[PDB]
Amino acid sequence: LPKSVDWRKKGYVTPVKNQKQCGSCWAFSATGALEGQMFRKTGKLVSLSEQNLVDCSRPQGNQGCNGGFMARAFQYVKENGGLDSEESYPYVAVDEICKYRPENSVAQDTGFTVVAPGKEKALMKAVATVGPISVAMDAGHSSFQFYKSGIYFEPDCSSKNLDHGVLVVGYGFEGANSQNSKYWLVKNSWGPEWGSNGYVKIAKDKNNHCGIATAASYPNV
C-alpha cells in the first residue's frame, strides 16, 4: 500500500462544512463518504445535502440534531432511491420537516460496506483503495476541541465509547521515516476555523487511537 494517501489531491473532497449547533456530525461524515464515491463513479464532485439526511432519516433510526449514524444515513439513501444536492436542499442546522424531491437527487447507493472492526490495517487498505471513509471517534475531550496542529494524541481517548462521526480522507507520516509518527488525515465538520483549517491528524497505528477503526464504513454506489 502507499506510504501516504490524500484524497483531497485527487478531487474527491468538498470544502470543509460546519454543523453549527446541531448534533449532525453523522450526516456530514455520511455526505463526505458519498461525495467521494459519487466522484469516483462519475467524475463530478457535488456537495450533498446534510439537511436532507437530518430531516428525512428518522424512519431509519437517526435522530436529526440529537444524533445518528452514517450507516443509517446510507440505508436511508438506499430505501429512498436518492439524496438531494446541498444547493437544492440547504443546511440550516436545526431539525425540520422533510423536503426531499427526487427531481433534485444527485446521488444513490445500494447499501454500505463495513471495515473490519478495530483493524487499522483494514482501514488503511480501504482508505487506499476506495476513497474517503466514514468513521466514528471519541471527540469528548477538551484537547480535541482546542486542537491546532500536529499529531493528535489524547491519553484518555476511548476506542470503544465513541461520540462523533468524521471522514478519513487519507493517511501519512511526519518526518522522514514512513513508519514513524503515522497519522490519519481527518476532515471534521466544525468549520475551517477549527483545528488545522478544519482538519486533524490523528495518531495512526497506536492501538486504534480514539476508535477511528472501530466502526468505519462507506456507501456502495
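In this text, residue numbers run from 1 along the sequence as written.
When the mean C-alpha temperature factors of 156-164 and 188-196 are read from the deposited coordinates, 156-164 comes out higher. Taking only CA atoms, the mean B-factor in the PDB entry is higher for 116-124 than for the other of 72-80 and 116-124. For the set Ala33, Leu45, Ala176, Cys56, the PDB entry assigns the largest Cα B-factor to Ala176.
The residue among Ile151, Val135, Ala139, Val92 whose C-alpha carries the highest B-factor in the deposited model is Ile151. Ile202: CA B factor lies in the middle third for its chain, per the PDB record.
Among the modelled residues of its chain, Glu87 has a C-alpha B-factor that falls in the middle third, as given in the PDB entry. The deposited CA B-factor of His209 belongs to the highest third of values across its chain. Among the modelled residues of its chain, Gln145 has a C-alpha B-factor that falls in the lowest third, as given in the PDB entry. Per the PDB record, residue ranking by Cα B-factor puts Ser29 in the lowest third of the chain.
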